[PDB]
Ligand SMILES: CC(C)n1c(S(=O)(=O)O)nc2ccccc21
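Heads up, the chain below is alone and in the form deposited without the named molecule; it's given as structure tokens.
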């Protein structure tokens, strides 16, 4: 008769290749060892210790799928997932910091940049010497690029850019007018005249990470700084799609923490002679947590394997990001409502983080509509 691992019912551990398991082990060791002791004060006062980029770099956690050639650790998509799951187990803020370097900065430069851009930027982003941000979202994009001698002059604002006040490297999307008017990507650097990055304070969720603007006022960008190999929606969206995948895995790490913190709490606490764990209702909730996490992980894992094999279409990412974020939130709320205080209150932190996460990279509802269109051939917006 087989052992039952309640904490891994389907033995995900045995579904992994050994280098994958050991990437997971390293990320785990790092987050629990270096981020967990930081998290309570950092979230409380809204502090980001940028040395974190430098830290994840040293052990090869920045841009996991980027080839060794360009300074990356040359890992697969399953490994990218496991890393994100381990970092978010501690805090979603720290997962975002990492999501931005990997998917929103390193990925566009690798996929759409020339050989010189890749050689100049990727090695230093891989180590965390250089910190990246990604400028898409604005306060139908308005930000413009006008051809000038030597390159391009950019004007417009981006808003809600994580990493931007501390960023070395900016991947900015703007419309460039041929007679056709299309979306292009540009690489900018800290120090470029016309480039501002004011910080943003007061966030309710993701408070462990720092966010800001990118303000452009005729910021000169040379010819060698336009991403040569992409035009239109493809650029920004390939980035978002990569990020959603890590977010799919990450939210599940958050969900596991809440689940474990709830589980221990009811083992520990008592009402009317018995530990809370004796309660029938309590056991249904714990069974719900375990079930949804268990299925979610098979979901993201399978997506990882398909992405690795090139058989994964983009709508699968809607399923998993929507599912992980939605279920993680449900689990955080269940866990929250199981607590009677006003320490094990890390749960309250995970909860407000997940409230934000479920709102970014596409709402729960817009992902539903993506699946609805793919099922019906009818757009509902």
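Residue numbers count along the first chain shown, from 1. Residues that one form lacks are left out of the comparison. Between two forms, the rigid core is defined as the largest C-alpha subset superposing within 1.5 Å.
Beyond what is shown, the protein has a form solved in complex with the named molecule; the following relates to that form.
With the partner omitted here, the stretch from 251 to 259, 235 to 243, 297 to 305, 221 to 229 that lies within 4.5 Å of the named molecule by heavy atoms in the deposited bound form is 235 to 243. Distance criterion of 4.5 Å from any heavy atom to the named molecule in the deposited bound form singles out 100 from the list 293, 100, 216, 122. Shown without its partner, this chain lists 126, 172, 107, 206 as candidates; in the deposited bound form, only 206 has a non-hydrogen atom within 4.5 angstroms of the named molecule. A residue is said to contact a partner when one of its heavy atoms sits within 4.5 Å of a partner heavy atom; residue 96 meets this definition for the named molecule in the deposited bound form.
When contacts are judged by a 4.5 Å heavy atom cut-off, residue 87 does not count as touching the named molecule in the deposited bound form. In the deposited bound form, the named molecule lies farther than 4.5 Å from every heavy atom of residue 23. Using a 4.5 Å cutoff between non-hydrogen atoms, residue 162 counts as a contact of the named molecule in the deposited bound form. Contact with the named molecule in the deposited bound form holds for none of 265, 335 and 338, as no heavy atom of theirs lies within 4.5 Å. Along 345 to 359, a non-hydrogen atom within 4.5 Å of the named molecule in the deposited bound form is carried only by 357.
Superposition on the rigid core between the shown form and the other one places the CA atom of residue 373 less than 2 Å from its counterpart. Core-superposed comparison between the shown form and the other one: the CA of residue 363 exceeds or equals a 2 Å shift. Taking a Cα shift of 2 Å or more after superposition on the rigid core as the cut-off, the single stretch of three or more consecutive residues that moves between the shown form and the other one is 361 to 364.
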